[PDB]
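The structure tokens that follow cover one protein chain in two forms, given apart as structure 1 and structure 2.
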Structure 1
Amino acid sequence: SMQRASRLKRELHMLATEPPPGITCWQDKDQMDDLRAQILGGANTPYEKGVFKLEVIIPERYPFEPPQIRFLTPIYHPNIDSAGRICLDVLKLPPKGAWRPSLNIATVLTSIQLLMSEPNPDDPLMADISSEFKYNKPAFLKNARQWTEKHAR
């Protein structure tokens, strides 16, 4: 669709020139809908000094369906599973999700970055991590740091 293509050209331009701090996103090859992204570990989070790569797939009905985003870099987090799937409202269609066409790739990567700093034990994908985050925060932080040094550094 020409609508989809013109929208992706503008998004790639904005990702190339005014990416959110800590976030970068680019074409894997020459397809505007097969993208990769990277989020730096935030300071004063246990992911600090880690670099996290993500796969960003833009579905055929974008911008009416959300980007399909998974971590490629392993990450220890209540809302991210061992395959890198992300439990985050803006990645899902309504009524339950929050995706709308006025969000975009940069918005949702920023939301994923914010989720990394502020987990949601409301909506766990990882029950054991969520309980550890909630009830034994120092163990959570040590495990999350150790997973970062092991897989993201």
Structure 2
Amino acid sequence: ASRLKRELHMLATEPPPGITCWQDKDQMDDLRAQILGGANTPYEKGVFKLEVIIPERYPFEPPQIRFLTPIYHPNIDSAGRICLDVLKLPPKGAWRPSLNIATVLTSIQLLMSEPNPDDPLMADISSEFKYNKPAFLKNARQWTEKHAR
């Protein structure tokens, strides 16, 4: 502990240029959610599990949400990370303390139904969505059958 304790104090106080390092404490790390796949989307009949972390400064900062169930989507990556305006920090992002967990989950449900070509987290899936939509839908349906449904 002597090294680590002192090491951490040196990083807190005299870090290298462009670098900072601190401790956080989440309010809650064991919250989970489930979203049903929507009618008239390739995720229909699938059930999708998610992780919801409530960070230290909620509701001033947004919940931190990743998909646990795999999903084939241009805005959702191999690690389940999600690109969405209401999940991004103010002032540039759309999160505010006048929204809540329910509204962000409803926004993720909407995203599943309305993928956004301008916000790629998965460049290959985004390219397929743009230039060969029938192939994208086939793949999205198969992944839903394999990993969700």
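Residues that one form lacks are left out of the comparison. The term rigid core refers to the most C-alpha atoms you can superpose between the two forms while keeping them within 1.5 Å. Start at 1 and count along the sequence of structure 1; that gives the residue numbers used here.
S.K.: Let me spell it out: fit the two forms on their rigid core, measure each listed C-alpha, and pick the one of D123, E65, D34, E48 that moves 2 Å or more between structures 1 and 2. Which is it?
M.R.: Result of the superposition: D34 is the only one at 2 Å or more.
S.K.: Using the rigid core as the reference frame, would you say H13 shifts its C-alpha by 2 Å or more between structures 1 and 2?
M.R.: For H13, whose C-alpha is compared between structures 1 and 2 after core superposition, the shift is 2 Å or more.
S.K.: Verify the C-alpha shift of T24 between structures 1 and 2: is it 2 Å or more after superposing the core?
M.R.: For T24, whose C-alpha is compared between structures 1 and 2 after core superposition, the shift is 2 Å or more.
S.K.: Could you tell me the distance the CA of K142 travels between structures 1 and 2 after a rigid core superposition, in angstrom?
M.R.: Value for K142 between structures 1 and 2: 0.3 Å of C-alpha shift.
S.K.: Superposed on the rigid core, which segments of at least three residues move by 2 angstroms or more at the Cα between structures 1 and 2?
M.R.: Flagged stretches (3+ res, CA at least 2 Å): 5 to 34, 94 to 96.
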